[PDB]
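Whatever order the structure lists them in is the order used to number ligands and atoms, beginning at 1. Letters A, B, ... mirror the listed sequences (proteins, then strands); counts begin at 1. Because only heavy atoms are used, hydrogens play no part in the values below, and waters and symmetry mates are left out as well, while side chains stay in.
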There are 2 protein chains.
Amino acid sequence: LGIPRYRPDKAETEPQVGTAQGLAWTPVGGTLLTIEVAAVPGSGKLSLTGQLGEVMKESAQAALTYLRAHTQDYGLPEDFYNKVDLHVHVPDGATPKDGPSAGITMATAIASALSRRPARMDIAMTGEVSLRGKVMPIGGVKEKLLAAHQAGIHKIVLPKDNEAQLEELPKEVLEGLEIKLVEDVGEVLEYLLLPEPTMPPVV
Amino acid sequence: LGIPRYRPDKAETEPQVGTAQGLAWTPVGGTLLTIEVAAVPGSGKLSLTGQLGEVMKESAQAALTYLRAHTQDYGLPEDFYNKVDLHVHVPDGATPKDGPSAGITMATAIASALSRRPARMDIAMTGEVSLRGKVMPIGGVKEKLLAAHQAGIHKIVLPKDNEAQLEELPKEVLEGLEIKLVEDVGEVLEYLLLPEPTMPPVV
Ligand SMILES: *[B]([O])([O])[C]([C]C1=[C][C]=[C][C]=[C]1)[N]C(=O)[C]([C]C1=[C][C]=[C][C]=[C]1)[N]C(=O)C1=[C]N=[C][C]=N1
Ligand SMILES: *[B]([O])([O])[C]([C]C1=[C][C]=[C][C]=[C]1)[N]C(=O)[C]([C]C1=[C][C]=[C][C]=[C]1)[N]C(=O)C1=[C]N=[C][C]=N1
């Protein structure tokens with residue numbers, strides 16, 4: 001056949017600070033999308049790069065407002081709204097992405113970047129977040145969970161209103177996975193972030 | 001035949017502050033391109049001229065956010081987000097350019113311009129950058145390495161994941177070149193930037 005012309009996507013292992021593992025629906029199956037966030041000193045801004053649509057940008061702003069409202073439940077700095085520039089980048093560039101099922105993935109990445117606590121990278125997430133912190137049901141559960149099982153991820157966070165859709169999965173992938181059902185984003189942040197900080201916090 | 005129609009590409013020799021050599025792909029063939037960055041006193045702005053597309057404009061901001069995050073690894077001034085203005089120019093002005101494959105070139109040019117250390121100009125380079133330093137593979141490798149050989153450049157910097165496309169090259173070209181394979185951009189910045197700045201610092 002010749003030179004191998006595709007690279008199979010594969011799970012990461014160690015916990016990263018500022019990074020979270022999301023799941024995406026494409027018309028040729030599901031894929032793993034990785035969301036990464038940096039928090040540098042600045043004046044309070046929000047760059048959103050990676051060819052993102054408008055629904056995804058609005059979901060990132062909703063996640064940031066939820067974290068601005070609860071700045072001492074998670075150990076965030078006291079005034080990051082005024083001293084810290086945030087940059088959300090979803091690689092790769094030159095591939096357009098859209099949709100809101102990425103709300104809790106961006107919430108996890110942003111809260112990991114602001115308070116220097118790593119995020120576990122062997123748990124794939126999906127779900128839509130609101131401004132009170134409610135996790136709302138999403139679409140395309142079957143393809144996303146299939147492609148997460150193909151790539152060696154064995155733990156999922158998923159909205160609680162999607163357990164009706166866990167009957168159309170194949171039995172082989174449903175025995176492989178450990179589904180956690182949530183209905184509130186504080187459970188997600190308590191389960192994903194490692195308890196102890198590593199980096200120096202950005203002033 | 002008369003007056004020559006097409007001026008050929010030429011490689012520079014001397015190290016220069018603020019420039020870096022990049023490769024590009026056209027459907028006719030490869031091309032050399034040069035990135036230029038100026039860092040003058042100002043208030044923190046980012047002009048991007050030369051008919052750049054959106055993906056290339058986002059590559060520039062991802063590279064700059066990376067460098068704002070690691071500001072004492074490379075001897076950058078500790079507050080350049082407030083005090084300098086950057087301007088990235090890609091000659092020539094009339095031809096539209098697009099795509100994210102030139103992130104490693106822009107990161108080298110920006111770090112050279114900010115840290116006052118000249119970058120080596122006998123090394124062509126290419127590669128997509130992400131927000132935490134990981135290089136991402138690119139496409140169209142043989143046209144670019146072919147065009148860099150017949151312009152007189154015998155050192156390439158290439159992503160690690162593009163090692164598999166090096167068997168498309170002819171044998172004499174591959175014996176001519178000296179490929180260096182990278183994963184992080186710290187490796188690229190150590191290989192390209194000379195020590196010991198040769199300009200007074202912008203402050
Ligand atoms: B979610 O709404 O089901 C999800 C949003 C998402 C995924 C990953 C990263 C950021 C956001 N949507 C998708 O999977 C979308 C397609 C879509 C969007 C809205 C409604 C229905 C379907 N995925 C993409 O657009 C995509 C696909 N492949 C690569 C990159 N992006
Ligand atoms: B990269 O995306 O492959 C590369 C980035 C680049 C290189 C050199 C100078 C500026 C930018 N771009 C290209 O190779 C593109 C073609 C392309 C675009 C999108 C995806 C893949 C490839 N070509 C140009 O920008 C170009 C080439 N020659 C003259 C003018 N522009």
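A salt bridge is defined here as a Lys NZ or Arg NE, NH1 or NH2 lying under 4.0 Å from an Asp or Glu carboxylate O, and A:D92 with A:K97 meets this definition.
Counting atoms of ligand 1 from 1 in the listed order, those under 4.0 Å from a heavy atom of A:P100 are 2 (O). Residue B:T95 approaches ligand 2 through these ligand atoms, each under 4.0 Å from one of its heavy atoms: 30 (C). Counting atoms of ligand 1 from 1 in the listed order, those under 4.0 Å from a heavy atom of A:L23 are 7 (C), 8 (C). When each atom of ligand 1 is checked for a heavy atom of A:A102 under 4.0 Å away, the hits are 10 (C), 11 (C). When each atom of ligand 2 is checked for a heavy atom of B:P96 under 4.0 Å away, the hits are 30 (C), 31 (N). Below 4.0 Å from some heavy atom of A:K144 lie the following atoms of ligand 1, by number and element: 1 (B), 3 (O).
Among B:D98, B:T31, B:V141, the residue whose heavy atom sits closest to atom 18 (C) of ligand 2 is B:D98. Of the candidates B:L32, B:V90, B:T26, B:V28, the one placing a heavy atom closest to atom 27 (C) of ligand 2 is B:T26.
Between the CD atom of A:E178 and the NZ atom of A:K155 there is a distance of 5.0 Å, given to the nearest 0.5 Å. Expressed to the nearest 0.5 Å, how far OG1 of A:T105 lies from CE of A:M56 amounts to 10.0 Å.
For atom 21 (C) of ligand 2, no protein non-hydrogen atom is found at a distance below 4.0 Å.
Considering B:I156, B:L192, B:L23 as possible partners of B:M125, the one that fulfils the side-chain contact (heavy atoms from CB on, under 4.5 Å) test is B:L192.
Across all their heavy atoms, B:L166 and B:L145 have their closest contact at CD2-CD2, 4.0 Å.
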### Query
Can you list the steps and then say if B:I104 with B:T126 is a side chain to side chain contact (heavy atoms under 4.5 Å, CB included)?
CA-CA 6 Å; B:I104 293 310; B:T126 182; over 6 Å; no

### Message
Please determine whether side chain to side chain contact (heavy atoms under 4.5 Å, CB included) holds for the pair A:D85 and B:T65, giving the CA-CA distance in whole Å, both sets of side-chain angles, and the decisive distance to 0.1 Å.
### Response
CA-CA 10 Å; A:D85 292 336; B:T65 302; over 6 Å; no

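Nearest to atom 14 (O) of ligand 1 among the protein's heavy atoms is A:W25 N, 2.5 Å. With respect to atom 5 (C) of ligand 1, the closest heavy atom belonging to the protein is A:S101 OG, 2.8 Å. What sits closest to atom 31 (N) of ligand 1 on the protein, heavy atoms only, is A:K97 CB, 3.5 Å. Shortest contact from atom 9 (C) of ligand 1 to any protein heavy atom: A:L33 CD1, 3.5 Å. From the protein, the heavy atom lying nearest to atom 19 (C) of ligand 1 is A:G99 CA, 3.4 Å. Protein heavy atom at the shortest distance from atom 10 (C) of ligand 1 is A:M56 CE, 3.1 Å.
If you look at A:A94 next to ligand 2, there are no close heavy atoms at all, none under 4.0 Å.
Neither side chain, A:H87 nor A:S47, offers a donor N or O lying under 3.5 Å from an acceptor on the other.
For the pair A:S112 (side chain) and A:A109 (backbone), a donor-acceptor distance under 3.5 Å is absent.
The aromatic rings of A:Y74 and A:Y66 lie tilted to each other, with the angle between the two planes from 30° to 60°.
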